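Trainee: Below are the structure tokens for one structure; questions will follow.
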Amino acid sequence: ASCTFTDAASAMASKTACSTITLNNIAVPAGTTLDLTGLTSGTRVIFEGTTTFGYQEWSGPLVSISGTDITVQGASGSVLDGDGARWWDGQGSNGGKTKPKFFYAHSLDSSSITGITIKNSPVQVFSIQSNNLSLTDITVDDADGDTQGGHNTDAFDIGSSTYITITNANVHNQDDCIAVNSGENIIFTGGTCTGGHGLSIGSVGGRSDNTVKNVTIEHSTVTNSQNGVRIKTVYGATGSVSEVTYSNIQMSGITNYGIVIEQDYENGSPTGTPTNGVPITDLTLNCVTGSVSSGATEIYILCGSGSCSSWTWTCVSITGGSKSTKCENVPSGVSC
């Protein structure tokens with residue numbers, strides 16, 4: 001059954017009786033989720049026109065989709081417009097107004113999301129907690145947040161997930177382009193990230209799931225961002241990061257760290273002293289190149305004692321800025 005909805009209440013009432021769901025120009029009531037969870041396997045969901053959301057201080061999510069064998073599509077020209085400047089106050093999820101997370105993909109398994117454009121998210125965009133989920137041709141347009149107070153506008157937050165593939169993402173935001181807090185068999189490829197805090201593994205630690213294994217971040221560009229490539233493990237936490245590869249990453253206009261791997265991370269500020277409970281092993285950097293700004297540091301490695309080992313770094317060349325004088329516990333075959 002094919003069904004077209006112009007309001008959220010009708011879509012929610014009938015979602016399980018429809019095998020194709022078209023969501024046309026829906027205005028989602030303030031303080032509520034556009035709740036497309038619990039879909040019948042095989043359902044296709046199409047966003048058309050501009051989806052909007054009422055204003056309320058709450059934690060979200062604004063949209064949530066779940067089910068097995070679900071195909072989610074943005075039609076040509078469609079936008080999910082959060083109008084996040086209504087909430088933005090420079091403090092993100094760290095203070096100020098309570099701001100809603102945008103899009104939950106929790107147990108959207110053996111599924112795909114393609115061609116979705118998100119505009120002006122209040123705070124973080126995708127919360128991915130799924131198995132065998134692809135996200136292709138996603139655009140996050142939070143550029144207005146650069147001047148209007150956007151903060152913590154992460155594009156792809158991943159945890160407790162397996163077999164996630166992100167292809168051809170285009171992100172302009174104010175926080176991580178990708179943040180892998182936990183997960184196994186993750187691929188990010190063909191992406192362009194600008195404005196934000198870079199392509200990050202982590203933070204790893206302090207949650208129920210603190211294991212990252214077999215992640216490839218490749219064939220991507222990071223520009224005008226605080227960091228290019230980053231691995232962050234939480235100060236004093238327990239977990240593990242293994243079999244991570246960054247390959248064919250180009251960067252420019254990086255303001256803090258071209259490459260930063262640190263085991264002293266805290267959300268407010270790193271401690272400056274690393275710990276060794278989240279080992280980073282079998283890390284490969286291959287062809288990670290580009291430039292940082294004049295006030296930036298090229299490469300910063302702050303490893304704990306014994307918690308960084310078996311790294312392979314080839315064709316890493318970061319120009320501009322300054323060399324770090326604060327690296328600790330650098331593994332064999334690696335340098336700052």
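Residues in the structure tokens are named by chain (A, B, ... in the order shown) and by number from 1 within that chain; ligands are numbered from 1 in the order shown.
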For the alpha helix (DSSP H) assignment from backbone DSSP, which residues of region 117-215 of chain A qualify? Please present them as a PyMOL selection string.
Mentor: chain A and resi 145-148
Trainee: Keeping only C-alpha atoms, write those residues as an mmCIF file, in the first residue's frame.
Mentor:
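For reference, out.cif as written:
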```cif
data_model
loop_
_atom_site.group_PDB
_atom_site.id
_atom_site.type_symbol
_atom_site.label_atom_id
_atom_site.label_comp_id
_atom_site.auth_asym_id
_atom_site.auth_seq_id
_atom_site.Cartn_x
_atom_site.Cartn_y
_atom_site.Cartn_z
ATOM 1 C CA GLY A 145 25.702 27.985 12.687
ATOM 2 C CA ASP A 146 29.162 29.414 11.972
ATOM 3 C CA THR A 147 27.876 32.934 12.717
ATOM 4 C CA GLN A 148 24.611 32.279 14.601
#
```
Trainee: Can you tell me, as a list in words, what residues are no more than 9 Å from residue 103 (chain A) when counting only C-alpha atoms, ignoring any on the same chain fewer than 6 positions away?
Mentor: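 Listing them by chain and then by number gives residues 60, 61, 62, 63, 64, 65, 124, 125, 126, 127 and 128 of chain A.
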Trainee: Go through A:335, A:131, A:226, A:317 one by one, measure the shortest atom-to-atom distance of each to residue 163 (chain A) using only C-alpha atoms, and give the residue with the smallest value.
Mentor: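 With only C-alpha atoms as the atom set, the closest residue is A:131.
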Trainee: May I ask for the distance between CA of residue 135 (chain A) and CA of residue 172 (chain A), given in Å to one decimal place?
Mentor: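 A separation of 16.6 Å between them.
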Trainee: When you look at region 232-240 of chain A with a cut-off of 7 Å (counting only C-alpha atoms), what residues show up, excluding the ones that are within fewer than 2 positions of it in the same chain? I need them as a ChimeraX atom specification.
Mentor: /A:201-206,210-212,230,242,261-266,274-275,277-280
Trainee: Pick from A:122, A:253, A:333, A:159: nearest to residue 319 (chain A), with only C-alpha atoms counted?
Mentor: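 When distances to residue 319 (chain A) are compared using only C-alpha atoms, the smallest one comes from A:253.
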Trainee: For residue 87 (chain A), work out the shell of residues within 7 Å, counting only C-alpha atoms and skipping chain neighbours fewer than 3 positions away, then give it as a list in words.
Mentor: residues 84, 97, 99 and 122 of chain A
Trainee: Just the selected residues (C-alpha atoms), exported as a PDB file, in the first residue's frame, please.
Mentor:
```pdb
ATOM      1  CA  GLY A  84      18.209  25.569  14.672  1.00  0.00           C
ATOM      2  CA  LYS A  97      18.666  26.085  26.199  1.00  0.00           C
ATOM      3  CA  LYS A  99      18.147  21.506  22.360  1.00  0.00           C
ATOM      4  CA  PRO A 122      19.569  22.498  16.731  1.00  0.00           C
TER       5      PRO A 122
END
```
Trainee: When you draw a straight line from CA of residue 165 (chain A) to CA of residue 192 (chain A), how long is it in Å?
Mentor: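 We find that CA of residue 165 (chain A) and CA of residue 192 (chain A) lie 15.0 Å from each other.
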Trainee: When distances are computed from only C-alpha atoms, which of A:74, A:149, A:268, A:54 shows the smallest separation from residue 96 (chain A)?
Mentor: A:149
Trainee: Could you pull out the residues in region 45-220 of chain A that DSSP calls strand (DSSP E or B) from the backbone, as a PyMOL selection string?
Mentor: chain A and resi 45-48+50-53+63-65+67-68+71-74+79-81+103-106+108-109+111-114+117-119+126-129+131-136+139-141+156-158+162-167+170-172+178-180+183-189+192-194+199-204+211-220
Trainee: Which residue, A:43, A:94, A:78, A:255, has the smallest gap to residue 111 (chain A) when you use only C-alpha atoms?
Mentor: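 Among the listed residues, the smallest separation from residue 111 (chain A) belongs to A:43.
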Trainee: Could you give me, as an mmCIF file with C-alpha atoms, in the first residue's frame, the residues within 8 Å of residue 222 (chain A), counting only C-alpha atoms and dropping anything in the same chain fewer than 6 positions from it?
Mentor:
```
data_model
loop_
_atom_site.group_PDB
_atom_site.id
_atom_site.type_symbol
_atom_site.label_atom_id
_atom_site.label_comp_id
_atom_site.auth_asym_id
_atom_site.auth_seq_id
_atom_site.Cartn_x
_atom_site.Cartn_y
_atom_site.Cartn_z
ATOM 1 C CA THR A 192 33.726 16.468 2.437
ATOM 2 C CA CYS A 193 33.769 17.971 5.949
ATOM 3 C CA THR A 194 34.076 21.700 6.601
ATOM 4 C CA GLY A 198 37.215 16.768 11.930
ATOM 5 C CA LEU A 199 37.008 13.046 11.297
ATOM 6 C CA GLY A 228 41.749 17.034 10.502
ATOM 7 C CA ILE A 249 42.668 12.144 3.619
ATOM 8 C CA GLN A 250 43.401 15.696 2.453
ATOM 9 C CA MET A 251 43.135 18.692 4.742
ATOM 10 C CA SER A 252 43.564 22.454 4.664
#
```
